[PDB]
Amino acid sequence: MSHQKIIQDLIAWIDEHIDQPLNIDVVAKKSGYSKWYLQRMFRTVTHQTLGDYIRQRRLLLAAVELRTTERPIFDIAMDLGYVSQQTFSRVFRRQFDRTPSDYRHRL
Amino acid sequence: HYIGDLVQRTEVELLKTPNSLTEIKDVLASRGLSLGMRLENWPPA
Amino acid sequence: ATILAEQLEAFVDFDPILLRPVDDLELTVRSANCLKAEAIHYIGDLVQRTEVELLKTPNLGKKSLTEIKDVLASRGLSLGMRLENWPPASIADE
């Protein structure tokens with residue numbers, strides 16, 4: 001089994017469990033590998049990062065929880081690896097170039 | 001309408017009404033409660 | 001009162017999706033793509049293996065306990081239950 005089949009399984013590993021507290025100590029242990037070694041092979045298969053991409057699906061989930069659900073900004077961050085919305089609102093100007101308040105207005 | 005309904009409607013449910021997130025955490029910790037409980041067979045009325 | 005009560009004793013009077021691949025069983029995302037990597041490419045091999053090591057492999061997590069047991073609750077299948085004839089001649093992988 002080549003490693004390009006490993007990371008193909010890893011793209012369906014998280015697509016249901018980004019609302020869960022999913023950390024690297026779960027992803028590495030339930031893959032059969034170590035904590036660091038999964039990140040070296042992750043570059044040569046999809047050209048992007050791993051610890052930011054789980055945020056990139058988490059910040060994708062916050063936008064589809066804002067354009068559909070009435071949940072506030074402060075405690076969507078509580079389930080997605082943040083302890084407050086102060087940093088969680090800040091990276092959204094990097095990921096989608098918008099404010100977490102301004103997305104729901106422009107339809 | 002209920003105090004026990006307010007614990008079902010967690011802290012990711014209340015804040016978008018116009019016109020307290022830290023004050024409710026003070027008023028629960030004074031009298032021994034918590035926010036975000038999951039209840040069952042409620043309300044029985 | 002036993003002397004008295006002994007005087008009154010004469011006066012008191014085939015399933016279609018069991019033969020299905022796991023990835024086309026209409027489940028959630030990480031409930032189906034983790035069975036085929038442990039020689040379970042059918043539904044018949046999942047019901048006949050011990051659960052105290054199957055979820056403890058480094059491919060399956062904690063949230064998969066429900067949906068495997070969701071199939072196992074309705075039709076009447078048991079944990080580690082043997083079957084009469086699940087496997088046909090056609091077996092494959094991805």
# chains A, B, ... in the order shown; residues from 1 in each chain; ligands from 1
>>> residues_around(residues="residue B:33", least_positions_apart="3", cutoff="12 Å", atoms="only C-alpha atoms", output="list in words")
residues 3, 4, 6, 7, 24, 25, 26, 27, 28, 29, 30, 36 and 37 of chain B
>>> residues_around(residues="stretch 59-68 of chain A", least_positions_apart="2", cutoff="10 Å", atoms="only C-alpha atoms", output="list in words")
residues 18, 19, 53, 54, 55, 56, 57, 70, 71, 72, 73, 76, 77, 80, 88, 89, 91, 92, 95, 96, 100, 101, 103, 104, 105, 106 and 107 of chain A
>>> select_by_dssp(residues="chain C", states="helix (DSSP H, G or I)", output="PyMOL selection string")
chain C and resi 2-5+16-19+22-24+29-31+36-38+51-54+65-74
>>> write_last_selection(atoms="C-alpha atoms", output="tab-separated table (two decimals), in the first residue's frame")
chain	number	residue	atom	x	y	z
C	2	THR	CA	-53.14	-24.64	62.37
C	3	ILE	CA	-55.65	-26.95	64.08
C	4	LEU	CA	-58.44	-24.51	63.23
C	5	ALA	CA	-57.34	-23.85	59.65
C	16	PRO	CA	-29.84	-7.28	0.45
C	17	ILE	CA	-27.26	-4.96	2.04
C	18	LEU	CA	-25.59	-7.82	3.91
C	19	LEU	CA	-24.26	-8.84	0.47
C	22	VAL	CA	-19.20	-1.37	2.89
C	23	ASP	CA	-18.57	1.88	0.96
C	24	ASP	CA	-22.06	1.65	-0.62
C	29	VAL	CA	-18.03	9.31	6.17
C	30	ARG	CA	-15.69	7.65	8.71
C	31	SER	CA	-17.88	4.61	9.26
C	36	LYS	CA	-11.96	-2.40	4.11
C	37	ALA	CA	-8.41	-1.80	5.40
C	38	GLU	CA	-8.75	-4.65	7.94
C	51	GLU	CA	-15.30	-5.90	18.98
C	52	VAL	CA	-12.70	-5.67	21.79
C	53	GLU	CA	-9.93	-5.54	19.17
C	54	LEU	CA	-11.70	-4.32	16.01
C	65	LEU	CA	-19.40	2.31	17.88
C	66	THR	CA	-22.91	3.57	17.09
C	67	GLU	CA	-23.33	2.96	13.36
C	68	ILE	CA	-21.90	-0.57	13.42
C	69	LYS	CA	-24.31	-1.28	16.28
C	70	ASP	CA	-27.09	0.53	14.38
C	71	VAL	CA	-27.09	-2.24	11.77
C	72	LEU	CA	-26.53	-4.91	14.46
C	73	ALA	CA	-29.61	-3.86	16.48
C	74	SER	CA	-32.42	-3.99	13.91
>>> interface_residues(of="chain C", to="chain A", cutoff="9 Å", atoms="only C-alpha atoms", output="PyMOL selection string")
chain C and resi 28-30+33-34+56-61+63
>>> write_last_selection(atoms="N, CA, C and O atoms", output="PDB file, in the first residue's frame")
ATOM      1  N   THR C  28     -22.337   7.248   7.173  1.00  0.00           N
ATOM      2  CA  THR C  28     -21.560   8.471   7.282  1.00  0.00           C
ATOM      3  C   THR C  28     -20.156   8.265   6.704  1.00  0.00           C
ATOM      4  O   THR C  28     -19.841   7.228   6.114  1.00  0.00           O
ATOM      5  N   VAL C  29     -19.297   9.265   6.892  1.00  0.00           N
ATOM      6  CA  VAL C  29     -18.026   9.311   6.172  1.00  0.00           C
ATOM      7  C   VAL C  29     -17.016   8.338   6.776  1.00  0.00           C
ATOM      8  O   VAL C  29     -16.561   7.400   6.110  1.00  0.00           O
ATOM      9  N   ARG C  30     -16.650   8.537   8.043  1.00  0.00           N
ATOM     10  CA  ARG C  30     -15.690   7.651   8.707  1.00  0.00           C
ATOM     11  C   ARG C  30     -16.420   6.550   9.480  1.00  0.00           C
ATOM     12  O   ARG C  30     -16.287   6.384  10.692  1.00  0.00           O
ATOM     13  N   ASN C  33     -15.176   3.820   5.286  1.00  0.00           N
ATOM     14  CA  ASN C  33     -13.858   3.829   4.656  1.00  0.00           C
ATOM     15  C   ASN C  33     -12.772   3.246   5.560  1.00  0.00           C
ATOM     16  O   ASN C  33     -11.599   3.231   5.175  1.00  0.00           O
ATOM     17  N   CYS C  34     -13.127   2.757   6.747  1.00  0.00           N
ATOM     18  CA  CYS C  34     -12.159   2.177   7.662  1.00  0.00           C
ATOM     19  C   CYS C  34     -12.352   0.682   7.882  1.00  0.00           C
ATOM     20  O   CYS C  34     -11.574   0.079   8.630  1.00  0.00           O
ATOM     21  N   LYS C  56     -10.174  -1.178  18.317  1.00  0.00           N
ATOM     22  CA  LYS C  56      -8.883  -0.837  18.895  1.00  0.00           C
ATOM     23  C   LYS C  56      -7.733  -0.976  17.902  1.00  0.00           C
ATOM     24  O   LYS C  56      -6.575  -0.807  18.297  1.00  0.00           O
ATOM     25  N   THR C  57      -8.019  -1.299  16.638  1.00  0.00           N
ATOM     26  CA  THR C  57      -7.014  -1.158  15.596  1.00  0.00           C
ATOM     27  C   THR C  57      -6.703   0.323  15.383  1.00  0.00           C
ATOM     28  O   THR C  57      -7.542   1.186  15.661  1.00  0.00           O
ATOM     29  N   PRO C  58      -5.488   0.659  14.869  1.00  0.00           N
ATOM     30  CA  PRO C  58      -5.183   2.043  14.479  1.00  0.00           C
ATOM     31  C   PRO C  58      -5.787   2.471  13.138  1.00  0.00           C
ATOM     32  O   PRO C  58      -5.091   2.979  12.258  1.00  0.00           O
ATOM     33  N   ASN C  59      -7.082   2.201  12.958  1.00  0.00           N
ATOM     34  CA  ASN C  59      -7.868   2.824  11.898  1.00  0.00           C
ATOM     35  C   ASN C  59      -9.257   3.269  12.334  1.00  0.00           C
ATOM     36  O   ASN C  59      -9.805   4.185  11.710  1.00  0.00           O
ATOM     37  N   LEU C  60      -9.842   2.686  13.380  1.00  0.00           N
ATOM     38  CA  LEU C  60     -11.195   2.994  13.816  1.00  0.00           C
ATOM     39  C   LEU C  60     -11.169   3.674  15.177  1.00  0.00           C
ATOM     40  O   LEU C  60     -10.357   3.334  16.040  1.00  0.00           O
ATOM     41  N   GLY C  61     -12.085   4.618  15.371  1.00  0.00           N
ATOM     42  CA  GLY C  61     -12.108   5.458  16.548  1.00  0.00           C
ATOM     43  C   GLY C  61     -13.222   5.110  17.515  1.00  0.00           C
ATOM     44  O   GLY C  61     -13.637   3.953  17.646  1.00  0.00           O
ATOM     45  N   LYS C  63     -16.295   7.102  17.688  1.00  0.00           N
ATOM     46  CA  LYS C  63     -17.598   7.456  17.135  1.00  0.00           C
ATOM     47  C   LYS C  63     -18.175   6.393  16.210  1.00  0.00           C
ATOM     48  O   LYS C  63     -19.345   6.503  15.823  1.00  0.00           O
TER      49      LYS C  63
END
>>> closest_residue(among="A:42, A:36, A:74, A:82", to="residue A:11", atoms="only C-alpha atoms")
A:42
>>> interface_residues(of="chain B", to="chain A", cutoff="7 Å", atoms="only C-alpha atoms", output="JSON, numbers by chain")
{"B": [11, 12, 13, 15, 16]}
>>> closest_residue(among="A:58, A:49, A:84, A:6", to="residue A:21", atoms="only C-alpha atoms")
A:58
